Structures are given as structure tokens and as C-alpha cells.
Amino acid sequence: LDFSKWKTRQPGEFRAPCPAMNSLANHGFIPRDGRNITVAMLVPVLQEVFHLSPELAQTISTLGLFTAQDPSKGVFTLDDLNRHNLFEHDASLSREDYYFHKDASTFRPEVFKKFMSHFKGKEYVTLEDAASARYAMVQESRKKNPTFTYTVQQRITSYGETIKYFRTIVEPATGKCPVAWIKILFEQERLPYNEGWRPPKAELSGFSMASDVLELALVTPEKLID
Amino acid sequence: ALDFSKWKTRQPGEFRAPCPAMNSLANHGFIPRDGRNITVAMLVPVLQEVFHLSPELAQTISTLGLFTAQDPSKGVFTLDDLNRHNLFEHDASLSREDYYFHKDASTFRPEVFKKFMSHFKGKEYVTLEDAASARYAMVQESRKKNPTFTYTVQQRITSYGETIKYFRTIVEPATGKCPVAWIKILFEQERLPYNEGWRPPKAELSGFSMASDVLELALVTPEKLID
Ligand code: HEC
Ligand code: HEC
Ligand SMILES: [Mg+2]
Ligand SMILES: [Mg+2]
């Protein structure tokens, strides 16, 4: 894992709405041009760079394959991940809903500003602030987007994405998530190795995700009952 | 591959847990009948085969079971180890009373289970919403009556997870729906209702799918740690 090979995205290179996957490509940990991705190649990378458990890595990578133009052929691209309402969903943290400009892939400073304002004056992301920030995007989409789609599938991916950054973009010494490293991940699509980040000591598993998603929901004022 | 007709209820000397599924496995002889000499390596394929747990989820829960032994290094645990309060066993159970009251959070309590089952009165099937209400009712009873109520991050995920476990594994092959009558058999007899039509579930219960299910259960539970 040579983190010094990093280059920002170049013309012709496919990129996704994911800052993690986009960082892998920019680091050259997966093909830089965002093409020719297989589950077999991605899974070890996710385990080594982000310390996802084997099964969680296999699961998310396969959900990625399911966005391919032909998932039978076992190959997908970062552009496949941009397909609306397959994996990509409304109420994102740093991207606008597909509805508005038919581009839910391009990083949006004005969306990211809203998200980050939930951590203003803090060096670290707390569970409660991360809950508030994600749910604020749900409320905005619900009030602004007449096509808002937020089913069982989108709910877990949305909750899971907040857990993913909260658990993986952490200080080795503390396990805590610095606001400044989130900023680097989303804005630069660089893993903040230079700033002191390393692959997490703790494994992110399906079970640990389940606990974390529960804890997020218990500090979110979101209910489907009344 | 598996013989479900070998079921016997608990016999003298045999250890049993506060878990109706682990007790059914033993009563069926799918793990050692006496509730002893359980290892992770033995239990994971049984959980995969009988309950369609994912390899990783099965490994994780089996290991949580193992860390209930006084010495996990021995690599072996028993259903009696599972009876140890606030290791895996926890307050606000659906069919057992809190350890506080009589130092017995292992023996099935008709009175507790009566209150659990009251949330499905008039219904053939368990819905996510009624399962959520039945579990939260136990949390509120424990918070109301037990001065030593313990409900930390660890108990919460296991409590939510156990409702999802019966809701997803004790289901009709035809519909994936959870029959009230089958929950009654599992809890009251500690028998998998094979005789009545139950079969290992078609759908796999994985860490990811559990995470979705626990999320959805929480979204229909009036439970928050914020107000
Ligand atoms: C392994 C570590 C990992 C981390 C950390 C991670 N992801 Fe993503 N991720 C996506 C997609 C697609 C989205 C877009 C969802 C959306 O619309 O917000 C996304 C979104 C996100 C978001 C939210 C972005 C936003 O603007 O809301 C975060 C944070 C994130 N991913 C972090 C496909 C993937 C895939 C697919 C193969 C993998 C593997 C994956 N992601 C792995 C990871
Ligand atoms: C694989 C299928 C499986 C199912 C279905 C299952 N369990 Fe349990 N389970 C427990 C323990 C300990 C409890 C007691 C928790 C409590 O205090 O309610 C429990 C409780 C439960 C409960 C709630 C009972 C109540 O009175 O609240 C249900 C339902 C349950 N288990 C179902 C250890 C285990 C272990 C340990 C190795 C395994 C594996 C396990 N359980 C696997 C399973
Ligand atoms: Mg989106
Ligand atoms: Mg208990």
C-alpha cells in the first residue's frame, strides 16, 4: 500500500458518488481509470485499506457488481455506481439528488457545506452530530424532491454510509473521526494518510455495523410509526 | 442430512440456556444433548444448516457464546455458561424474568411469556410493528421494576437482534412470515416446529441483512436515547 501514488481524477477516468471508492481509484489501489472492477480484486483491497470483514466486503462489493450494465459478466465500473436508485440514492451527504440536474455523482460544495455545518466548532464527529447531519439531508430531500425515494434498501445504505466514514476515517490512537479528515476524503478523494490516518485497527463487520446502525437510529428523531 | 424426529425435551442432568434456539438445538441433538462441549467449529455449520445464518454472523454469535465461558481459551462452552448474567444473557427478556428478582434469568416464565404473546392476540402472524412493541414493552417493564436494569450498547443490539432472529428464522417456507403458533412452540417446548411445516429458512440471515432489519425494527419502536 503505497499512499504516495495519489493523483486527483483525470479526464476520461470513471468516478462514482462514493468518496471511498473514488479515493481507491485516485490512489491506484483499484484501476485508476475506474474500469475493470471485479469483486475478487476489490474484496482484499477493502479488507486491507478499510479493515472491512471478509463478508461485509464481499457483500458491498457484490452490491456494486449488481449495478453493472451486465452483472452476469462479473465486471463493473465506477460509472456503473452512478446509476440512480440502484446503489446511489437520494438524501446524500455531499451530492445532490439525481432529480435536480440528473447528476448525483459530482461532488457538490453547497451540499457538503450543509452536511459539515452539523459539526461546526468541533474537531471530531460525534454519533449524535452524524445522526443529525444525515437526517437533515433526508428532511431536505423530502421537502424539496417530489421524486424522493427512501425505501428499506435506501435506508440501510444511507445509515451504513454514515457508519462507514464514522468507523473507518478514524485516528489509530483514538478511534475517533476527525472533521478535517472527512473534509479531505470527500473534497480531495484522498485517504488522509499524510495527515496521520491509517487502516482502522478495529474490524468493521456486518454485526458491528448492525450495532452502530442501531445506535445511530436511537439518536435520530426519525420514525416510521407515529 | 438432519434428523428432526430425534427430538426429546430436556432430560435430567442436561444443561440449558436462556436461549430457546440453542435449547432446541440441544433437545434435537443437533449439538450435544447435555448442553456441554460446544465449540465454535461445531456450532457454526449447525447454525448455517438449521437457521441459514451467514458464516460470519454464525461465527460472531458462537464466539460471543464462547466468551461466556469462565476461560474462553479452553475453546469450549456450555449452555450453562450462557446463563451468566450480563455476559450474553440480559434484562428485558421476552420469556424469562430479570436476574434481579430471583437470581434465575434462565428458566422459562409463563407469566413473562404471557405478557410477550399478548402483543399478538388475535393475529396468526407476527408483524415487524408488533414484534417491536412486544420487545419494547419488556424494556419499559424492566426500567420500571428493576433498580439494577442494565441496557448498554451491548445489550441493545443483542435484544434487537434476538427479535430479528425469531422473526426471520421461525418462518413459513411458503411466505417467509412468522407464525405466532410457531413462536409458541419454540419458546414453550424448545422444539423447532418441523412437524408443523417449519423448515430452515430460504433467506440467509447475514450481518448486513440483520443490520437492515434492526434498523427497521428501531424505526417502528418509540425508543430513543435522545429527547
Ligand atoms: C469500504 C469503505 C467505504 C466507505 C468508507 C464508504 N464507502 Fe461508498 N458508496 C457507494 C455508492 C454507490 C455510494 C452512493 C450512495 C449515495 O447516493 O449517497 C456510496 C456512498 C458513500 C458515502 C456517502 C457519500 C454521500 O455523499 O452521501 C460514504 C461516506 C461512503 N460511501 C463511504 C458504493 C460503494 C461500494 C460499491 C462497490 C463500496 C465497496 C463502498 N461504497 C465502500 C465504502
Ligand atoms: C441462530 C439462531 C438463534 C435464534 C433464532 C435465537 N438465538 Fe439466542 N440467545 C442466547 C442467549 C444467552 C440469550 C439470552 C438473552 C436474554 O437474556 O434474553 C438468547 C436469547 C434469545 C432469544 C430471546 C429470548 C428471550 O426470552 O428474550 C431469542 C428469540 C433467541 N435467542 C433466538 C445465546 C445464543 C447463542 C450463543 C452461542 C446463539 C448461537 C444463539 N443464541 C442463536 C439464536
Ligand atoms: Mg446520492
Ligand atoms: Mg435475559
# chains A, B, ... in the order shown; residues from 1 in each chain; ligands from 1
$ residues_around --residues "residue A:23" --least-positions-apart "2" --cutoff "10 Å" --atoms "only C-alpha atoms" --output "list in words"
residues 6, 7, 8, 9, 15, 18, 19, 20, 21, 25, 26, 27, 28, 29, 30, 32, 185, 186, 188, 189, 190 and 191 of chain A
$ write_last_selection --atoms "N, CA, C and O atoms" --output "tab-separated table (two decimals), in the first residue's frame"
chain	number	residue	atom	x	y	z
A	6	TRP	N	-0.83	8.85	-5.15
A	6	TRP	CA	-2.12	9.51	-5.30
A	6	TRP	C	-2.10	10.59	-6.38
A	6	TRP	O	-1.17	11.41	-6.42
A	7	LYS	N	-3.12	10.59	-7.25
A	7	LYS	CA	-3.42	11.65	-8.21
A	7	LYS	C	-4.93	11.89	-8.22
A	7	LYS	O	-5.71	10.94	-8.21
A	8	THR	N	-5.33	13.16	-8.27
A	8	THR	CA	-6.73	13.50	-8.46
A	8	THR	C	-7.24	12.95	-9.79
A	8	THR	O	-6.47	12.58	-10.67
A	9	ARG	N	-8.57	12.86	-9.92
A	9	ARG	CA	-9.18	12.27	-11.10
A	9	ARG	C	-8.82	13.06	-12.35
A	9	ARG	O	-8.71	14.29	-12.32
A	15	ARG	N	-15.63	7.91	-12.36
A	15	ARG	CA	-15.75	8.05	-10.91
A	15	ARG	C	-17.21	7.89	-10.48
A	15	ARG	O	-18.14	8.11	-11.25
A	18	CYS	N	-19.20	7.68	-4.56
A	18	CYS	CA	-18.59	7.21	-3.34
A	18	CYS	C	-17.25	7.89	-3.12
A	18	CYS	O	-16.40	7.84	-4.01
A	19	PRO	N	-17.01	8.57	-1.99
A	19	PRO	CA	-15.65	9.12	-1.79
A	19	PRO	C	-14.62	8.05	-1.48
A	19	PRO	O	-13.44	8.27	-1.74
A	20	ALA	N	-15.02	6.91	-0.88
A	20	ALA	CA	-14.06	5.85	-0.60
A	20	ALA	C	-13.59	5.18	-1.89
A	20	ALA	O	-12.39	5.06	-2.14
A	21	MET	N	-14.54	4.71	-2.71
A	21	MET	CA	-14.18	4.08	-3.97
A	21	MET	C	-13.40	5.04	-4.85
A	21	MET	O	-12.43	4.66	-5.49
A	25	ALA	N	-9.43	4.55	-6.37
A	25	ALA	CA	-9.01	4.72	-7.76
A	25	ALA	C	-7.94	5.79	-7.87
A	25	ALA	O	-6.95	5.59	-8.57
A	26	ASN	N	-8.15	6.94	-7.20
A	26	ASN	CA	-7.16	8.03	-7.20
A	26	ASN	C	-5.84	7.59	-6.59
A	26	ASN	O	-4.79	8.11	-6.98
A	27	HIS	N	-5.87	6.69	-5.61
A	27	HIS	CA	-4.63	6.13	-5.06
A	27	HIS	C	-4.04	5.03	-5.92
A	27	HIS	O	-2.92	4.59	-5.64
A	28	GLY	N	-4.76	4.58	-6.95
A	28	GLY	CA	-4.29	3.46	-7.73
A	28	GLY	C	-4.44	2.12	-7.05
A	28	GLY	O	-3.80	1.15	-7.46
A	29	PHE	N	-5.26	2.04	-6.00
A	29	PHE	CA	-5.48	0.76	-5.32
A	29	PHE	C	-6.45	-0.12	-6.10
A	29	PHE	O	-6.42	-1.34	-5.95
A	30	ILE	N	-7.31	0.49	-6.91
A	30	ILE	CA	-8.08	-0.18	-7.96
A	30	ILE	C	-7.72	0.56	-9.24
A	30	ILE	O	-7.12	1.64	-9.17
A	32	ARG	N	-7.01	3.01	-11.97
A	32	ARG	CA	-7.12	4.46	-11.87
A	32	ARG	C	-8.22	5.02	-12.76
A	32	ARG	O	-8.81	6.06	-12.44
A	185	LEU	N	-11.34	13.51	2.71
A	185	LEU	CA	-11.87	12.35	1.99
A	185	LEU	C	-12.87	12.79	0.93
A	185	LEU	O	-12.81	12.35	-0.23
A	186	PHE	N	-13.84	13.62	1.33
A	186	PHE	CA	-14.93	13.99	0.45
A	186	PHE	C	-14.47	14.96	-0.63
A	186	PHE	O	-14.82	14.82	-1.80
A	188	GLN	N	-11.15	15.96	-1.55
A	188	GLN	CA	-9.99	15.59	-2.34
A	188	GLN	C	-10.07	14.16	-2.86
A	188	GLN	O	-9.30	13.81	-3.76
A	189	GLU	N	-10.94	13.34	-2.29
A	189	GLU	CA	-10.91	11.90	-2.53
A	189	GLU	C	-9.48	11.37	-2.44
A	189	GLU	O	-8.95	10.69	-3.33
A	190	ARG	N	-8.85	11.74	-1.32
A	190	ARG	CA	-7.56	11.22	-0.88
A	190	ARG	C	-7.75	10.64	0.51
A	190	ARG	O	-8.46	11.23	1.34
A	191	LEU	N	-7.16	9.49	0.77
A	191	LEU	CA	-7.14	9.00	2.14
A	191	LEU	C	-6.08	9.78	2.91
A	191	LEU	O	-4.94	9.87	2.44
$ residues_around --residues "residue B:123" --least-positions-apart "4" --cutoff "12 Å" --atoms "only C-alpha atoms" --output "list in words"
residues 117, 118, 119, 127, 130, 131, 178, 179, 180 and 181 of chain B
$ write_last_selection --atoms "N, CA and C atoms" --output "PDB file, in the first residue's frame"
ATOM      1  N   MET B 117     -46.641 -12.514  24.465  1.00  0.00           N
ATOM      2  CA  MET B 117     -47.599 -13.017  23.486  1.00  0.00           C
ATOM      3  C   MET B 117     -48.862 -12.175  23.404  1.00  0.00           C
ATOM      4  N   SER B 118     -49.175 -11.415  24.458  1.00  0.00           N
ATOM      5  CA  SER B 118     -50.345 -10.545  24.438  1.00  0.00           C
ATOM      6  C   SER B 118     -50.285  -9.536  23.296  1.00  0.00           C
ATOM      7  N   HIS B 119     -49.081  -9.226  22.801  1.00  0.00           N
ATOM      8  CA  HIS B 119     -48.920  -8.261  21.718  1.00  0.00           C
ATOM      9  C   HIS B 119     -49.312  -8.820  20.352  1.00  0.00           C
ATOM     10  N   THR B 127     -46.060  -9.304  13.048  1.00  0.00           N
ATOM     11  CA  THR B 127     -45.616  -8.207  12.198  1.00  0.00           C
ATOM     12  C   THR B 127     -44.411  -7.498  12.820  1.00  0.00           C
ATOM     13  N   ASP B 130     -45.631  -5.224  15.667  1.00  0.00           N
ATOM     14  CA  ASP B 130     -45.970  -5.885  16.932  1.00  0.00           C
ATOM     15  C   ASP B 130     -44.755  -6.524  17.588  1.00  0.00           C
ATOM     16  N   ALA B 131     -43.839  -7.103  16.803  1.00  0.00           N
ATOM     17  CA  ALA B 131     -42.586  -7.583  17.378  1.00  0.00           C
ATOM     18  C   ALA B 131     -41.833  -6.448  18.051  1.00  0.00           C
ATOM     19  N   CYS B 178     -43.765 -15.091   9.954  1.00  0.00           N
ATOM     20  CA  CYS B 178     -43.536 -15.691  11.264  1.00  0.00           C
ATOM     21  C   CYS B 178     -44.861 -16.062  11.940  1.00  0.00           C
ATOM     22  N   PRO B 179     -45.207 -17.345  12.066  1.00  0.00           N
ATOM     23  CA  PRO B 179     -46.473 -17.718  12.727  1.00  0.00           C
ATOM     24  C   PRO B 179     -46.383 -17.623  14.242  1.00  0.00           C
ATOM     25  N   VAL B 180     -47.342 -16.908  14.840  1.00  0.00           N
ATOM     26  CA  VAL B 180     -47.460 -16.865  16.301  1.00  0.00           C
ATOM     27  C   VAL B 180     -47.393 -18.272  16.890  1.00  0.00           C
ATOM     28  N   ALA B 181     -48.142 -19.212  16.301  1.00  0.00           N
ATOM     29  CA  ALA B 181     -48.204 -20.573  16.840  1.00  0.00           C
ATOM     30  C   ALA B 181     -46.836 -21.243  16.852  1.00  0.00           C
TER      31      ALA B 181
END
$ interface_residues --of "chain A" --to "chain B" --cutoff "6 Å" --atoms "only C-alpha atoms" --output "MDAnalysis selection string"
chainID A and resid 156 206:207 210:211 214 218:219 223:225
$ residues_near_ligand --ligand "ligand 1" --cutoff "6 Å" --atoms "only C-alpha atoms and all ligand atoms" --output "list in words"
residues 17, 18, 19, 20, 21, 46, 50, 60, 61, 64, 81, 87, 88, 89, 90, 92, 93, 94, 95, 161, 162, 164, 165 and 168 of chain A
$ write_last_selection --atoms "C-alpha atoms" --output "PDB file, in the first residue's frame"
ATOM      1  CA  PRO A  17     -20.696   9.005  -5.965  1.00  0.00           C
ATOM      2  CA  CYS A  18     -18.587   7.207  -3.336  1.00  0.00           C
ATOM      3  CA  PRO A  19     -15.651   9.117  -1.793  1.00  0.00           C
ATOM      4  CA  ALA A  20     -14.056   5.850  -0.604  1.00  0.00           C
ATOM      5  CA  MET A  21     -14.180   4.077  -3.973  1.00  0.00           C
ATOM      6  CA  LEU A  46     -11.426  -3.195   1.138  1.00  0.00           C
ATOM      7  CA  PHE A  50     -10.565  -0.168   5.428  1.00  0.00           C
ATOM      8  CA  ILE A  60     -20.852  -4.408  -0.544  1.00  0.00           C
ATOM      9  CA  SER A  61     -18.629  -5.350  -3.500  1.00  0.00           C
ATOM     10  CA  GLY A  64     -21.576  -2.855  -6.573  1.00  0.00           C
ATOM     11  CA  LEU A  81     -22.176   3.082  -9.355  1.00  0.00           C
ATOM     12  CA  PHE A  87     -26.968   1.724  -5.289  1.00  0.00           C
ATOM     13  CA  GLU A  88     -26.844   5.539  -5.483  1.00  0.00           C
ATOM     14  CA  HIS A  89     -29.758   7.142  -3.624  1.00  0.00           C
ATOM     15  CA  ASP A  90     -31.380  10.427  -2.646  1.00  0.00           C
ATOM     16  CA  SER A  92     -26.775  12.034   0.052  1.00  0.00           C
ATOM     17  CA  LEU A  93     -24.264  13.924   2.188  1.00  0.00           C
ATOM     18  CA  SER A  94     -22.123  15.506  -0.499  1.00  0.00           C
ATOM     19  CA  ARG A  95     -24.132  15.039  -3.711  1.00  0.00           C
ATOM     20  CA  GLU A 161     -22.629   5.064   4.757  1.00  0.00           C
ATOM     21  CA  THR A 162     -22.555   7.295   7.819  1.00  0.00           C
ATOM     22  CA  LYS A 164     -18.633   3.619   7.247  1.00  0.00           C
ATOM     23  CA  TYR A 165     -16.992   7.046   7.420  1.00  0.00           C
ATOM     24  CA  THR A 168     -13.104   3.943   9.017  1.00  0.00           C
TER      25      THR A 168
END
$ residues_around --residues "residue B:110" --least-positions-apart "4" --cutoff "12 Å" --atoms "only C-alpha atoms" --output "ChimeraX atom specification"
/B:94-97,114-118,184,187-189
$ select_by_dssp --residues "stretch 9-191 of chain A" --states "helix (DSSP H, G or I)" --output "PyMOL selection string"
chain A and resi 19-26+39-50+54-65+71-73+80-82+98-101+109-119+127-144+152-168+179-188
$ residues_near_ligand --ligand "ligand 3" --cutoff "12 Å" --atoms "only C-alpha atoms and all ligand atoms" --output "mmCIF file with C-alpha atoms, in the first residue's frame"
data_model
loop_
_atom_site.group_PDB
_atom_site.id
_atom_site.type_symbol
_atom_site.label_atom_id
_atom_site.label_comp_id
_atom_site.auth_asym_id
_atom_site.auth_seq_id
_atom_site.Cartn_x
_atom_site.Cartn_y
_atom_site.Cartn_z
ATOM 1 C CA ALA A 16 -18.646 7.133 -8.604
ATOM 2 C CA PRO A 17 -20.696 9.005 -5.965
ATOM 3 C CA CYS A 18 -18.587 7.207 -3.336
ATOM 4 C CA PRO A 19 -15.651 9.117 -1.793
ATOM 5 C CA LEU A 81 -22.176 3.082 -9.355
ATOM 6 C CA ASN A 82 -23.669 6.397 -10.555
ATOM 7 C CA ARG A 83 -26.890 4.710 -11.752
ATOM 8 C CA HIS A 84 -29.735 6.309 -9.809
ATOM 9 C CA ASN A 85 -31.775 4.172 -7.411
ATOM 10 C CA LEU A 86 -29.653 1.082 -7.923
ATOM 11 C CA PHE A 87 -26.968 1.724 -5.289
ATOM 12 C CA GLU A 88 -26.844 5.539 -5.483
ATOM 13 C CA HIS A 89 -29.758 7.142 -3.624
ATOM 14 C CA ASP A 90 -31.380 10.427 -2.646
ATOM 15 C CA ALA A 91 -30.515 12.368 0.505
ATOM 16 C CA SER A 92 -26.775 12.034 0.052
ATOM 17 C CA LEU A 93 -24.264 13.924 2.188
ATOM 18 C CA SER A 94 -22.123 15.506 -0.499
ATOM 19 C CA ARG A 95 -24.132 15.039 -3.711
ATOM 20 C CA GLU A 96 -27.470 16.425 -4.818
ATOM 21 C CA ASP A 97 -30.471 14.246 -5.688
ATOM 22 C CA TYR A 98 -30.435 12.950 -9.257
ATOM 23 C CA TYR A 99 -33.805 14.698 -9.748
ATOM 24 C CA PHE A 100 -32.321 18.200 -9.853
ATOM 25 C CA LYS A 102 -29.534 14.347 -13.464
ATOM 26 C CA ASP A 103 -26.100 14.269 -11.818
ATOM 27 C CA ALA A 104 -25.960 12.607 -8.382
ATOM 28 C CA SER A 105 -22.242 11.880 -8.906
ATOM 29 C CA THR A 106 -20.483 15.255 -8.950
ATOM 30 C CA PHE A 107 -19.276 16.482 -5.564
ATOM 31 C CA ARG A 108 -21.397 19.498 -4.572
ATOM 32 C CA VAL A 111 -24.458 20.198 -0.254
ATOM 33 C CA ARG A 134 -27.632 12.531 7.691
ATOM 34 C CA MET A 137 -30.432 15.539 4.235
ATOM 35 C CA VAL A 138 -33.401 13.181 4.381
ATOM 36 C CA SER A 141 -34.925 15.757 0.001
ATOM 37 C CA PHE A 148 -37.779 11.334 -3.281
ATOM 38 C CA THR A 149 -37.254 7.557 -2.913
ATOM 39 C CA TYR A 150 -36.305 6.224 0.559
ATOM 40 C CA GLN A 154 -32.022 3.046 0.678
ATOM 41 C CA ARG A 155 -32.428 3.426 4.450
ATOM 42 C CA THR A 157 -27.349 2.060 2.707
ATOM 43 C CA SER A 158 -27.773 5.671 3.974
ATOM 44 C CA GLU A 161 -22.629 5.064 4.757
#
$ residues_near_ligand --ligand "ligand 4" --cutoff "8 Å" --atoms "only C-alpha atoms and all ligand atoms" --output "MDAnalysis selection string"
chainID B and resid 18 85 89:94 96:99 105:106
$ write_last_selection --atoms "N, CA and C atoms" --output "mmCIF file, in the first residue's frame"
data_model
loop_
_atom_site.group_PDB
_atom_site.id
_atom_site.type_symbol
_atom_site.label_atom_id
_atom_site.label_comp_id
_atom_site.auth_asym_id
_atom_site.auth_seq_id
_atom_site.Cartn_x
_atom_site.Cartn_y
_atom_site.Cartn_z
ATOM 1 N N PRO B 18 -30.703 -19.590 28.486
ATOM 2 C CA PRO B 18 -31.905 -18.760 28.338
ATOM 3 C C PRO B 18 -32.319 -18.559 26.890
ATOM 4 N N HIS B 85 -25.358 -13.870 33.983
ATOM 5 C CA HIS B 85 -25.992 -12.565 33.840
ATOM 6 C C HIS B 85 -25.030 -11.492 33.345
ATOM 7 N N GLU B 89 -26.632 -13.184 28.360
ATOM 8 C CA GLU B 89 -27.941 -13.009 28.979
ATOM 9 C C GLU B 89 -28.108 -11.584 29.497
ATOM 10 N N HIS B 90 -29.338 -11.067 29.426
ATOM 11 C CA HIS B 90 -29.597 -9.659 29.715
ATOM 12 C C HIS B 90 -31.023 -9.459 30.216
ATOM 13 N N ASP B 91 -31.250 -8.291 30.830
ATOM 14 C CA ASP B 91 -32.583 -7.912 31.282
ATOM 15 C C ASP B 91 -33.497 -7.630 30.088
ATOM 16 N N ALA B 92 -34.794 -7.517 30.402
ATOM 17 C CA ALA B 92 -35.865 -7.221 29.445
ATOM 18 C C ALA B 92 -36.007 -8.342 28.423
ATOM 19 N N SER B 93 -35.941 -9.581 28.905
ATOM 20 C CA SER B 93 -36.139 -10.728 28.039
ATOM 21 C C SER B 93 -37.632 -10.953 27.781
ATOM 22 N N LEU B 94 -37.914 -11.715 26.725
ATOM 23 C CA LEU B 94 -39.286 -11.925 26.278
ATOM 24 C C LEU B 94 -39.978 -13.059 27.029
ATOM 25 N N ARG B 96 -38.185 -14.796 29.981
ATOM 26 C CA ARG B 96 -37.514 -15.045 31.241
ATOM 27 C C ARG B 96 -37.586 -13.767 32.054
ATOM 28 N N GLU B 97 -37.559 -13.909 33.385
ATOM 29 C CA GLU B 97 -37.552 -12.718 34.224
ATOM 30 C C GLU B 97 -36.124 -12.202 34.385
ATOM 31 N N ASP B 98 -36.016 -10.934 34.800
ATOM 32 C CA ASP B 98 -34.724 -10.321 35.084
ATOM 33 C C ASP B 98 -34.016 -11.064 36.208
ATOM 34 N N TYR B 99 -32.692 -11.204 36.061
ATOM 35 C CA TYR B 99 -31.885 -11.863 37.086
ATOM 36 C C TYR B 99 -32.154 -11.293 38.472
ATOM 37 N N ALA B 105 -32.562 -16.016 35.588
ATOM 38 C CA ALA B 105 -32.944 -15.439 34.306
ATOM 39 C C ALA B 105 -32.881 -16.463 33.178
ATOM 40 N N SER B 106 -32.892 -17.752 33.531
ATOM 41 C CA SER B 106 -32.738 -18.883 32.622
ATOM 42 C C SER B 106 -34.009 -19.702 32.462
#
$ select_by_dssp --residues "stretch 68-220 of chain B" --states "strand (DSSP E)" --output "ChimeraX atom specification"
/B:125-126,178-179
$ write_last_selection --atoms "N, CA and C atoms" --output "short mmCIF file (atom, residue, chain, number, x, y, z; two decimals), in the first residue's frame"
data_model
loop_
_atom_site.label_atom_id
_atom_site.label_comp_id
_atom_site.auth_asym_id
_atom_site.auth_seq_id
_atom_site.Cartn_x
_atom_site.Cartn_y
_atom_site.Cartn_z
N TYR B 125 -49.96 -14.13 12.50
CA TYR B 125 -48.58 -13.81 12.15
C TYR B 125 -48.04 -12.64 12.96
N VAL B 126 -46.73 -12.70 13.23
CA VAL B 126 -46.02 -11.60 13.86
C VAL B 126 -45.70 -10.56 12.79
N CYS B 178 -43.77 -15.09 9.95
CA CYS B 178 -43.54 -15.69 11.26
C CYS B 178 -44.86 -16.06 11.94
N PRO B 179 -45.21 -17.34 12.07
CA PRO B 179 -46.47 -17.72 12.73
C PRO B 179 -46.38 -17.62 14.24
#
$ atom_distance --atom1 "atom CA of residue A:10" --atom2 "atom CA of residue A:33"
8.2 Å
$ closest_residue --among "B:6, B:198, B:183, B:151" --to "residue B:139" --atoms "only C-alpha atoms"
B:151
$ closest_residue --among "A:34, A:160, A:199, A:192" --to "residue A:172" --atoms "only C-alpha atoms"
A:199
$ closest_residue --among "B:171, B:31, B:137, B:21" --to "ligand 2" --atoms "only C-alpha atoms and all ligand atoms"
B:21
$ atom_distance --atom1 "atom CA of residue A:79" --atom2 "atom CA of residue A:153"
20.4 Å
$ atom_distance --atom1 "atom CA of residue A:125" --atom2 "atom CA of residue A:113"
14.8 Å
$ decode --residues "stretch 147-167 of chain A" --atoms "N, CA and C atoms" --output "PDB file, in the first residue's frame"
ATOM      1  N   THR A 147     -39.707  13.449  -6.352  1.00  0.00           N
ATOM      2  CA  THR A 147     -39.446  12.046  -6.660  1.00  0.00           C
ATOM      3  C   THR A 147     -38.696  11.318  -5.556  1.00  0.00           C
ATOM      4  N   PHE A 148     -38.568  11.915  -4.370  1.00  0.00           N
ATOM      5  CA  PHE A 148     -37.779  11.334  -3.281  1.00  0.00           C
ATOM      6  C   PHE A 148     -38.124   9.856  -3.085  1.00  0.00           C
ATOM      7  N   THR A 149     -37.096   9.001  -3.102  1.00  0.00           N
ATOM      8  CA  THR A 149     -37.254   7.557  -2.913  1.00  0.00           C
ATOM      9  C   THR A 149     -36.348   7.122  -1.774  1.00  0.00           C
ATOM     10  N   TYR A 150     -36.932   6.520  -0.735  1.00  0.00           N
ATOM     11  CA  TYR A 150     -36.305   6.224   0.559  1.00  0.00           C
ATOM     12  C   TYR A 150     -36.976   4.974   1.130  1.00  0.00           C
ATOM     13  N   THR A 151     -36.729   3.836   0.487  1.00  0.00           N
ATOM     14  CA  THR A 151     -37.291   2.554   0.883  1.00  0.00           C
ATOM     15  C   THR A 151     -36.354   1.842   1.864  1.00  0.00           C
ATOM     16  N   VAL A 152     -36.748   0.623   2.251  1.00  0.00           N
ATOM     17  CA  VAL A 152     -35.946  -0.209   3.143  1.00  0.00           C
ATOM     18  C   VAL A 152     -34.499  -0.267   2.667  1.00  0.00           C
ATOM     19  N   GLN A 153     -34.307  -0.461   1.360  1.00  0.00           N
ATOM     20  CA  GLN A 153     -32.968  -0.644   0.810  1.00  0.00           C
ATOM     21  C   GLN A 153     -32.147   0.631   0.951  1.00  0.00           C
ATOM     22  N   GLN A 154     -32.733   1.773   0.584  1.00  0.00           N
ATOM     23  CA  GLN A 154     -32.022   3.046   0.678  1.00  0.00           C
ATOM     24  C   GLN A 154     -31.733   3.432   2.119  1.00  0.00           C
ATOM     25  N   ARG A 155     -32.616   3.055   3.055  1.00  0.00           N
ATOM     26  CA  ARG A 155     -32.428   3.426   4.450  1.00  0.00           C
ATOM     27  C   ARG A 155     -31.157   2.806   5.007  1.00  0.00           C
ATOM     28  N   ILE A 156     -30.950   1.501   4.774  1.00  0.00           N
ATOM     29  CA  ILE A 156     -29.787   0.839   5.356  1.00  0.00           C
ATOM     30  C   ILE A 156     -28.511   1.315   4.680  1.00  0.00           C
ATOM     31  N   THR A 157     -28.551   1.569   3.369  1.00  0.00           N
ATOM     32  CA  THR A 157     -27.349   2.060   2.707  1.00  0.00           C
ATOM     33  C   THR A 157     -26.981   3.448   3.218  1.00  0.00           C
ATOM     34  N   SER A 158     -27.984   4.327   3.413  1.00  0.00           N
ATOM     35  CA  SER A 158     -27.773   5.671   3.974  1.00  0.00           C
ATOM     36  C   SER A 158     -27.207   5.609   5.394  1.00  0.00           C
ATOM     37  N   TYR A 159     -27.874   4.864   6.285  1.00  0.00           N
ATOM     38  CA  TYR A 159     -27.356   4.693   7.638  1.00  0.00           C
ATOM     39  C   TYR A 159     -25.956   4.070   7.611  1.00  0.00           C
ATOM     40  N   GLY A 160     -25.757   3.066   6.734  1.00  0.00           N
ATOM     41  CA  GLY A 160     -24.484   2.365   6.663  1.00  0.00           C
ATOM     42  C   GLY A 160     -23.351   3.228   6.153  1.00  0.00           C
ATOM     43  N   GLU A 161     -23.659   4.164   5.263  1.00  0.00           N
ATOM     44  CA  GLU A 161     -22.629   5.064   4.757  1.00  0.00           C
ATOM     45  C   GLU A 161     -22.128   5.999   5.845  1.00  0.00           C
ATOM     46  N   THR A 162     -23.005   6.423   6.748  1.00  0.00           N
ATOM     47  CA  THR A 162     -22.555   7.295   7.819  1.00  0.00           C
ATOM     48  C   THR A 162     -21.654   6.517   8.767  1.00  0.00           C
ATOM     49  N   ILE A 163     -22.054   5.280   9.098  1.00  0.00           N
ATOM     50  CA  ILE A 163     -21.241   4.391   9.924  1.00  0.00           C
ATOM     51  C   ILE A 163     -19.898   4.123   9.266  1.00  0.00           C
ATOM     52  N   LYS A 164     -19.885   3.922   7.939  1.00  0.00           N
ATOM     53  CA  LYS A 164     -18.633   3.619   7.247  1.00  0.00           C
ATOM     54  C   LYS A 164     -17.598   4.731   7.435  1.00  0.00           C
ATOM     55  N   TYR A 165     -17.991   5.994   7.260  1.00  0.00           N
ATOM     56  CA  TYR A 165     -16.992   7.046   7.420  1.00  0.00           C
ATOM     57  C   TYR A 165     -16.673   7.232   8.897  1.00  0.00           C
ATOM     58  N   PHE A 166     -17.687   7.104   9.758  1.00  0.00           N
ATOM     59  CA  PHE A 166     -17.518   7.304  11.194  1.00  0.00           C
ATOM     60  C   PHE A 166     -16.590   6.261  11.802  1.00  0.00           C
ATOM     61  N   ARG A 167     -16.555   5.061  11.226  1.00  0.00           N
ATOM     62  CA  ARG A 167     -15.751   3.971  11.759  1.00  0.00           C
ATOM     63  C   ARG A 167     -14.424   3.797  11.031  1.00  0.00           C
TER      64      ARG A 167
END
